[PDB]
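Visitor: This one's experimental. Sequence and coordinates below.
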Amino acid sequence: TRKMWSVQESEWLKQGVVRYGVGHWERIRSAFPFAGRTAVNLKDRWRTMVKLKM
DNA sequence: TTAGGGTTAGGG
DNA sequence: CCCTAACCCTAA
């Protein structure tokens, strides 16, 4: 069952991009306690947030 | 391991 | 329902 992204998970990805730059998906995933999210999931999520103005 | 296009399921 | 966010596929 697919799981929608929480606003806390989205803020984690936002700070991880700030602290490490886009494309550093495996580095961002390790800097935050992401449970059930792969680095590819983080990259797809970032594309969604960019498109949704976030 | 990431980028970018393609695919699908679940919620608005 | 069915659009789209959450997925998958794969070159490099």
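Guide: Looks like it came in fine. Numbering: from 1, shown residues only, chains lettered A, B, ... in the order given.
Visitor: quick one, what contacts residue A:31?
Guide: Neighbour list for residue A:31: A:16, A:19, A:20 [criterion: CB atoms under 8 Å, 6 or more residues apart in numbering]. Any C-beta I mention is one placed from the backbone N, CA and C, and that applies to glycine too.
Visitor: Name the residues that touch the helix or strand hosting the second one?
Guide: Right, the one you point to is residue A:19. Using DSSP states H and E, residue A:19 sits within helix A:7-20. Applying CB under 8 Å, 6+ apart, the contact partners of helix A:7-20 are A:24, A:27-29, A:31-32, A:34, A:37, A:42, A:45-46, A:49, A:54.
Visitor: Just the buried residues out of these, in PyMOL syntax.
Guide: Buried subset of these, written as a PyMOL selection, criterion 16 or more other CB atoms under 10 Å:
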select buried, chain A and resi 24+28+29+32+34+37+42+45+46
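Visitor: hey, where'd the helices end up in chain A?
Guide: Listed in chain order, the helices of chain A (DSSP state H) span A:7-20, A:25-31, A:39-51.
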